[PDB]
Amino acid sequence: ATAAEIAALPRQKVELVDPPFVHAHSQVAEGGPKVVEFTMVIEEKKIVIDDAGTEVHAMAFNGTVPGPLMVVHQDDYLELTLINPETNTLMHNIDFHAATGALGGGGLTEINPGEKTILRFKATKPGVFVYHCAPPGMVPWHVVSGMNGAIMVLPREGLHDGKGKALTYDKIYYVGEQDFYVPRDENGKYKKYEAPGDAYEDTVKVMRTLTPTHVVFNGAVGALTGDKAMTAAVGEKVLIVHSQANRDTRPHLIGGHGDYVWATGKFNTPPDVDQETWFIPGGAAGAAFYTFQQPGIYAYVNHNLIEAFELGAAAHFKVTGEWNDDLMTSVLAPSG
C-alpha cells in the first residue's frame, strides 16, 4: 500500500536462465510478499532460424528469443532493471501484460542505447502473462523480431485444479513461439542485411501479408529437438508454459494430452481437462499440466501441421520409463 510498507518488504535477487528452463523458485510462496528483482540486458543480434542459413535481426531480452520466464507469487512486486547497451541502435521498452498502468510499463521504460531504467509493479493477478517491447510506432516490428517473453505469477498456495486439489509439478518448461517474416529476393531466397534498420522496410511488407515465413519455438527451427529436446520420465508431472505475443497457436502433445490446461493462462479461471489440442490467442500465454504415462519420444507442436512441420513449430520430449501395455499395445505389428 504505502511506500513505507513496500520499503519494509524483504527483497530477493533472482538469477534468470535461458528458455526452455525456468529460474529456481518455490511453487508455494516461502514467506510474505517480497520485492523480487530481475535484470535483463537487451541485445540486438543476428540469429539463424533454419538450416538454410536464414537470418533474423533479433531484439532479444537477456539475449534470447523468447526472453526468460520470470517467476513471482501473487502480490509480490516484480522489479526489473532493464538495460539498453550503447551497442544497440534502437530505443526499447517493456510492456508486462501482468502489470496495471502506463501501457503495462512501456510508457515508463523507454530507454535509448546507453540508458537503463528500473520498473516496479505489483503482480496482483495469478497466471502466466506475456511481456514484450512496444516502442510507439514500431510495436509489431519489435515483437516479431523476437522481443517478447512471459512471466508466471503463481498463487501463494501454488497451483490447484478446479476442485481445489493441489497440482504440484516436478518439471517446468517455457516454450516461446515466434512468428517471423523474412523478406525474399526476386528468386525466393531469404535476404540478409547488414543492420536492423536495413531490413525494416522489406520486413514490414511481409508482415502486412499476415503470413509468416517461419513459426518457431525458442528462436529457430529445431531449437527444441535433439540435444535440446525436453525430457521427463513416466510418472513425472510436467508443466509446459507456452507464449505467443502476436499470433494464435494451438498446442498439442503428440502421444499425450493436456491433463489440465489453463488455456487463458489465468489461474483463477478453472483449467480445462483431458485436452487433446488447446488454443492460445496471439498476445497471451497459456499453461498445461500433464503426467507422463508412456516412455518414448513425443512431439509438442502447434497443431496446424503446416506451421508445425513446414514452418518450424515443433519440439520434442524424450521420456524414460516402462511401457504400459494396458494403455496401448501392438496386437499385430505391421505385417503382411
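Counting begins at 1, following the sequence as shown.
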* To do: Decide which of the stretches 122 to 130 and 72 to 80 has the higher mean C-alpha B-factor, going by the entry.
  => 72 to 80
* Of 171 to 179 and 232 to 240, which one has the bigger average CA B-factor? -> 232 to 240
* Residue selected from 261, 138, 98, 103 by maximal Cα B factor -> 138
* Which of these has the highest Cα B-factor in the record: 150, 216, 166, 253? -> 166
* Could you tell me which third, lowest, middle or highest, the C-alpha B-factor of residue 276 occupies within its chain? => lowest
* Ranked by Cα temperature factor within the chain, is residue 295 in the lowest third, the middle third or the highest third? -> middle
* To do: Divide the modelled residues of the chain into thirds by Cα B-factor and specify which third, lowest, middle or highest, holds residue 45.
  => highest
* Asked: Mind checking which third residue 247 falls in for C-alpha B-factor across the chain?
  -> lowest
* Asked: What third of its chain, lowest, middle or highest, does the C-alpha temperature factor of residue 211 fall into?
  -> lowest
